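Every residue, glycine as well, gets a Cβ built from its backbone with ideal geometry; the counts of neighbours run over all protein chains shown. Nothing in this text is a laboratory measurement; each read-out follows from the coordinates by a stated rule.
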Amino acid sequence: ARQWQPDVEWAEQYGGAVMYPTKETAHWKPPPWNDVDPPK
Amino acid sequence: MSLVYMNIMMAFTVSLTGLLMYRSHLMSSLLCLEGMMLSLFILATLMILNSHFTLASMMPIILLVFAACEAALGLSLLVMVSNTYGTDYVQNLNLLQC
Amino acid sequence: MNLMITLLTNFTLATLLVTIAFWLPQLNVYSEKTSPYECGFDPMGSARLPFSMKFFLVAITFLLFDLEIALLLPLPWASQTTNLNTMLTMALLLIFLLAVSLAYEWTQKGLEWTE
Amino acid sequence: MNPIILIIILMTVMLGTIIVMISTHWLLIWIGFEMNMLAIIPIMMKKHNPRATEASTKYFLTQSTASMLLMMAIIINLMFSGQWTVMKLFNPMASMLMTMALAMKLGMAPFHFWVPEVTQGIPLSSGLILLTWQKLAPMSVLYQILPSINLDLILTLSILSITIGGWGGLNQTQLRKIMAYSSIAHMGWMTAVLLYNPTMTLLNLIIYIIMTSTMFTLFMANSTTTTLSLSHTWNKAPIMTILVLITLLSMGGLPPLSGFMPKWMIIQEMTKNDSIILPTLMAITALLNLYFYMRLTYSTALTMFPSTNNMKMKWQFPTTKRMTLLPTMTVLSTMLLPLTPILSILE
Amino acid sequence: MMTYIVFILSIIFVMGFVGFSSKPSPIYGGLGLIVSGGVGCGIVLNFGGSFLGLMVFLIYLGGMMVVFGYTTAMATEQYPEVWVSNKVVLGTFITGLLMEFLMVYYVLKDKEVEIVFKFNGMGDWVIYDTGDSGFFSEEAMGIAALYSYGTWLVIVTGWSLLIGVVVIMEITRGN
Amino acid sequence: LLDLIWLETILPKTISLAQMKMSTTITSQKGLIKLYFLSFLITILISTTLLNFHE
Amino acid sequence: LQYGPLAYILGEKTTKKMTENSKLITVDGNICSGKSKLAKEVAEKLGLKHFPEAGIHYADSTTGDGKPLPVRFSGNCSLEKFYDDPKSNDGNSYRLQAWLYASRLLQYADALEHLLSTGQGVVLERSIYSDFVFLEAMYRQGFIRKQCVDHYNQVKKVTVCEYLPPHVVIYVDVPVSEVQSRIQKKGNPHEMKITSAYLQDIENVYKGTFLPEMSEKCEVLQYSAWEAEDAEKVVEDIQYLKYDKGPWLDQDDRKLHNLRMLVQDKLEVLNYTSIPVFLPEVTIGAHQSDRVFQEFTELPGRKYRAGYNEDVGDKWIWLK
Amino acid sequence: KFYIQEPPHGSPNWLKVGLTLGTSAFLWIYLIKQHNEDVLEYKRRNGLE
Amino acid sequence: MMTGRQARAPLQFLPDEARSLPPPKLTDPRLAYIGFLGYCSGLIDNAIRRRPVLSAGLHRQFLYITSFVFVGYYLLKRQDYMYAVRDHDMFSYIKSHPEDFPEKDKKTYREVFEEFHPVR
Ligand SMILES: CCCCCCCCCCCCCCCCCC(=O)OC[C@H](COP(=O)(O)OCCN)OC(=O)CCCCCCCCCCCCCCCCC
Ligand SMILES: Nc1ncnc2c1ncn2[C@@H]1O[C@H](COP(=O)(O)O)[C@@H](O)[C@H]1O
């Protein structure tokens, strides 16, 4: 009855490394938050 | 034009395709940029010494300066690749693919 | 012409002291005398492992300071000019910029070695 | 970084761009590009993480290859002209090599393969420097050699840049890669009008730099680097959602906004020269740029994505950031279209 | 065939470029680039640039000694590729050499050739000046003019070397 | 059939799928210096040999 | 503003005031270790500034009038409902833990700001380096999920890497039975519902994970219950320490300048506490966030910036 | 007194207010002087007096 | 286009011949719109720093308005100068090339035959 605003199911579409995940772009995890990688 | 410019431009193109086709080893291609600087040096210097345009004779020296002034830059950027990873292989530099 | 004859002579009797150094004595080849040297014991690992350079920042700055003796080298010829105070100012500017570079590399501990 | 060294390195980046802009000699153009690259590499490695080192390595290799091709074009010009003046080039081979070199330095497609990588790897401030200030020296040299630029080459580079920069940003959720493919498409727009009217090239460059500086200043002021973190801005500072709304609708080329100003004028100069198909394809292909801009406005302004609990702490702290010229750039990027005949000052 | 001496040195220049451009290993890459930069100071020394050839020899000797130190410290593998260890090194090495001697054969048989530009096939002795420069070698005078005439070039080059040192010490820090 | 499927099919959905497919082919790169500069070499060779932009 | 790069250029080096009194000291211990006076006692011997332990309303105490805001504006959580219903459906446990981690991050930023601006050392109680032991005790007791631990580890991985450890970490050995005796003598009816296994897990993550990884980057001082009653012995042991471990020794003016430029900006400190990881314990939906944000704006002294509010008595707004 | 800490913008920065008003007054008087000089130069170069 | 005009006198924002032109009025609606842009910048500046938008920083809003009017006055002067240069060069090129611009003889519609296309 109120206005629709996006939920977690809608908002997790924009959280991947890409927007349209294909077979090649499937192992791509999103980058780190401070963009700093472990030193390995 | 003259016969030697054929081979100096040929050496530029050989070093160009050597730079522009990597063999998974970054130092082997940083040599190719230095070879392109060598070929540009010899080509410009043949042109300047040929025509006796003497005031541009200081030009290849200056050219050569910026040669190492970026080559050193590449080596300063070679050691940070080879401190993050044990090797300077260019296929380790693929984190920005996502 | 004479320069290439001289270099050909030097290279010729430097490589003809080698071809009579290998082919004149009697060879006895067995696969322990041609092994590498690690003070008698067998070498642990290859010598093609990365031997880490401690003087690497000094080695990169040597590439830049070696260009300066491609710039400071025409000074015996630059002193022959007829715009001479300008030459003197630019020469002292180049040695002063090299010195400011060396002072910056000193004080930021760039001349020290790592580890 | 030591701030004296940061000041000296940024003044050296600026000095390299100025030495490209003011000099009449080809060797000094090349020196300015070398100085610009050499000084901007530590701006990219300001943070010292592997992504900045990777971005700096890729940027060094692309810009060094471009500067090699630039100096070869300069030496072939020296052969076929016996001189060094920065003007038209006296050989189509040198013209092609210098156009390739400048297209690599701009990151125009198909040499575009470094701009999303390098732009993602580095911070937002250095990404701003990359996408705005580094688009000034090759556009100077392109402004200076346009009697010798091949028409087919610069138009192929331009429309290929517009198409690839349109399709690239649709698959992105990272804001820096969005701004990088936006950069590719806009450099295609600038170089397509280069041989017809380079005043429109300068107009598109200035309006683009205003809008891109606005968007990066909004990203820095909100501390957002992804789409999904930009989507929390309504719960923290809701005026910033309005500013990114008006600026992203401006960057899509929508009237009555100032980002419609370059595009339209470019079409206005390409239909005079009896080219109708090419600005039409360019305009229709700009709808892709508009589509991922609209995606960002949906996630940020027009809807409200769910936030977290810890945002309640950030309600109690204002921004102490230097949002330098952000209201000025926000006004200039949105409300400048009634001042469209100001472009005559760029003649 | 002694009038073709600059051409012969230029063949050795291209052979060194195919040597290090095939990229076997930067040991042998440094070897090939030293050979090319040492015959390239014999190409350009026969045009009158004795100062301007010895410097591209000397700067690149210092450069390849530095590059040797780094490819022994950073760019080292257990079995370095000499010239023939990899098929992709030897294949493009033979390819560059066969194409180079192919355009040698097409330019000595026909005395003209065309790859993008047109090139003569006569020995490059033909284009030299038939006069003398007096009591000055003119390339030495032109490089000496870097201090009298080249003041802005001095300023931008010395500033670029200064900030090159500063830039490199800002990169090689890690934190 | 028409105004929920086929008129929906012909203009908007096929154009949407085409731009999605081209977007996923452009951005499917493996982030490698080697492949990018090999593409630069192929660009230079097409510009010289195939398209004649040096003329 | 007051500090920036221009102040660093014009001579204000932050090691010109770094004296031997500038020691960041964090006192740790179990729930009723009796450290609560001990830290203050250290702060009345060494001349340091005591910060109390960050509750839910620490950010309320630093901003505005300093009074605690209502809990729907700060926290949206309760420690007493965690003591009553730890396995609750609304996810109060990890929501309380995430809010307390953000509050301790803010307190540690305030501590480093005081230490680097004034040169006076700060005595903290349970800094961000010891906040994870309550998370791990809650996870061993099954109060939270593994996704909550992963969210905490991501936030900690991207926030604690930019800070320094304390100089001194003081830990107080109090056994579980003595903790329970002090809880029963405390009189708090919610706090008496703490299980024994939760206290034992706090002590285990202390002695097994926290102190063996902090003993390399700082100096531990582990006391028992009776010898922590005498503050003179503890301060005497502090004053005769040989500060040699940890990354405080290789800190020049530049690194501490970069740290001070990070630390004084509180929205950059709290930048990664609200990462877009949609976890049901901490994700507040759109309409509730809009409603609580518009109710927060209508509070006195919260509608504008901290000198621009006529309803609290700010004058000369037209010249500010 | 309401705020528990003294805010950075509790009092107006009177140096900055003085610089702002002085700069704005200088730009207005220089603009009006420039415009009067421009209309006088137009009327002199075209004789429109 | 006009790049060869401003090459004998380089980097002149306003040349000397630009003083032969009437300057914009201070009540120019373009200049009033630039002043309105300054006021909108002042409002956005008070909005993003969470000041009261209309009441706080009247000196700052006034320097926004003053700075935009001051820059925009010279920008309008250079705009009007460049369009006057465009028209001057147009008219001089038409005058110096009469053979490229013939005087057209406008026929009346009693001789001009147009095909009628009926809408039926
Ligand atoms: C045809 C040729 C035309 C030439 C025109 C030349 C005009 C001036 C130059 C414009 C070119 C782009 C300028 C911006 C370059 C980027 C500057 C930059 O990155 O500054 C760094 C700084 C970072 O901010 P901070 O938050 O402190 O950083 C945290 C740690 N990094 O700050 C920032 O990142 C914030 C942004 C500051 C600069 C933005 C404002 C200047 C440019 C916008 C247009 C202004 C209108 C006047 C000029 C119009 C033409 C551009
Ligand atoms: N991260 C945390 N999670 C749950 N409770 C905590 C946390 N940190 C502190 N507390 C509580 O804070 C109080 C500290 O005890 P005191 O020694 O009286 O300050 C005890 O009730 C603890 O259980």
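Under 12 Å between alpha carbons, and skipping anything fewer than 8 positions from G:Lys156 in its own chain: which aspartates and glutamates qualify?
List returned: G:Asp131.
Binning every alpha carbon pair distance of chain D at 20 Å from zero, what are the percents per bin?
Percent of pairs per bin, in order: 31, 58, 11, 0.
Relative to the compact-globule scaling 2.2 N^0.38 Å, provide the ratio for the alpha-carbon radius of gyration of the stretch G:218-320.
Cα-based Rg divided by the globular estimate yields 1.81.
For chain C, just say rounded, prolate or oblate: build the C-alpha gyration tensor, square-root its eigenvalues into a ≥ b ≥ c, call rounded for a/c under 1.5, and beyond that prolate if a/b exceeds b/c, oblate if not.
oblate
Any idea what diffusion coefficient the stretch D:62-215 gets from Stokes-Einstein, in µm²/s, Kirkwood Rh on alpha carbon pairs, 37 °C, 0.692 mPa s?
211
In square nanometres, what is the average projected area of the Cα convex hull of the stretch E:4-172?
With every direction weighted equally, the projected area is 13.8 nm².
Would you please give the residues with an amide H less than 5 Å from that of D:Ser307, counting only those at least 5 places away or on a separate chain, with H modeled from the backbone geometry?
Those qualifying (amide H under 5 Å, at least 5 residues apart or on another chain) are G:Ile284.
Using only the C-alpha atoms of chain B, find the volume of their convex hull and express it per residue in Å³.
Working: hull volume 10.1 nm³, N = 98.
Convex hull of Cα atoms, per residue: 103 Å³.
So which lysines can H:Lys16 reach, going by Cα to Cα under 22 Å and dropping same-chain residues fewer than 8 places off?
Partners within reach: D:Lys321, G:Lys315, G:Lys320.
Take each of the peptides D:286-292, G:216-222, average the number of other beta-carbon atoms within 10 Å over its residues, and list them starting from the highest.
Numbers: D:286-292: 20.3, G:216-222: 16.7.
Most protected by this proxy first, the peptides run D:286-292, G:216-222.
Step through the table entries A:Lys40/G:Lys245; G:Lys45/G:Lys185; G:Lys45/G:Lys233; G:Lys35/G:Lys67; E:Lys23/F:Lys34, compare each Cα-Cα distance with 19 Å, and write down the pairs that go over it.
A:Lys40/G:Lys245; G:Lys45/G:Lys185; G:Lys35/G:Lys67
Calculate the FRET efficiency for E:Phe135 and C:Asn10 from the Cβ-Cβ distance with a Förster distance of 41 Å, rounded to the nearest 0.05.
0.80
What's the average, rounded to a whole number, of partner chain beta-carbon atoms within 10 Å of each residue's beta-carbon in E:1-7?
Mean number of neighbouring Cβ atoms from other chains: 2.
Restricting the calculation to Cα positions, tell me the Rg (one decimal) and the Dmax (whole number) of chain G in Å.
Here Rg and the maximum Cα pair distance are 20.6, 62 Å.
Quick one: what are the phi-derived ³J(HN,Hα) couplings along the stretch D:283-293, Karplus 6.51/-1.76/1.60 with θ = phi - 60°, whole Hz, x for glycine and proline?
Working through the residues one at a time gives 5, 5, 6, 5, 5, 6, 4, 4, 6, 7, 5 Hz.
Can you pull the three principal axis extents for the Cα set of the stretch E:1-69, in Å, largest first?
37, 24, 12
Mean projection of the alpha-carbon convex hull of chain I over all orientations, in nm²?
Here the figure is 17.0 nm², rounded to one decimal.
Testing the spin-label approximation: label points 7 Å from Cα along Cα→Cβ at I:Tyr109 and E:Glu77. State their distance in nm.
Placing both labels 7 Å beyond Cα along the Cβ direction yields 8.5 nm.
Run down the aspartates and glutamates and flag those whose C-alpha is under 13 Å from the C-alpha of E:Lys118, throwing out any fewer than 8 positions away in its chain.
E:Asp110
Taking the mean number of other Cβ atoms within 10 Å as a proxy for protection, how do you rank H:32-40, B:9-17, I:89-97 from highest to lowest?
B:9-17, H:32-40, I:89-97
Below 8 Å between Cα atoms, with a sequence gap of 6+, how large is the relative contact order for chain C in percent?
28
Which shape class, rounded, prolate or oblate, goes with the protein assembly as shown when its Cα gyration tensor gives a ≥ b ≥ c as root eigenvalues, a/c under 1.5 marks rounded, and past that a/b bigger than b/c marks prolate?
oblate
Calculate one ³J(HN,Hα) per residue across the stretch D:34-48 by plugging θ = phi - 60° into the Karplus curve 6.51 cos²θ - 1.76 cosθ + 1.60, and present them in order as whole Hz with x for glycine and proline.
Calculated HN-Hα couplings, in order: 5, 5, 5, 4, 4, 7, 7, 4, x, 5, 6, 9, 5, 9, 6 Hz.
Divide the volume of the convex hull of the Cα atoms of the stretch D:284-342 by its number of residues and quote the answer in cubic angstrom per residue.
In the stretch D:284-342, the Cα hull volume divided by residue count equals 148 Å³.
Which whole number gives the average count of other chain Cβ atoms within 10 Å of the Cβ atoms across peptide D:30-41?
For peptide D:30-41, the averaged partner shielding equals 5.
Checking the a/c ratio against 1.5 first, then a/b against b/c, what shape does the Cα gyration tensor give for chain F?
oblate
What does the highest-first list of E:169-175, C:103-109, D:299-305, D:229-235 look like by mean Cβ count within 10 Å?
D:229-235, D:299-305, E:169-175, C:103-109
So if I restrict to the alpha-carbon atoms in chain H, what is the Rg, and what is Dmax, the biggest pairwise distance, in Å?
Every Cα atom of chain H included, Rg and Dmax give 21.5, 69 Å.
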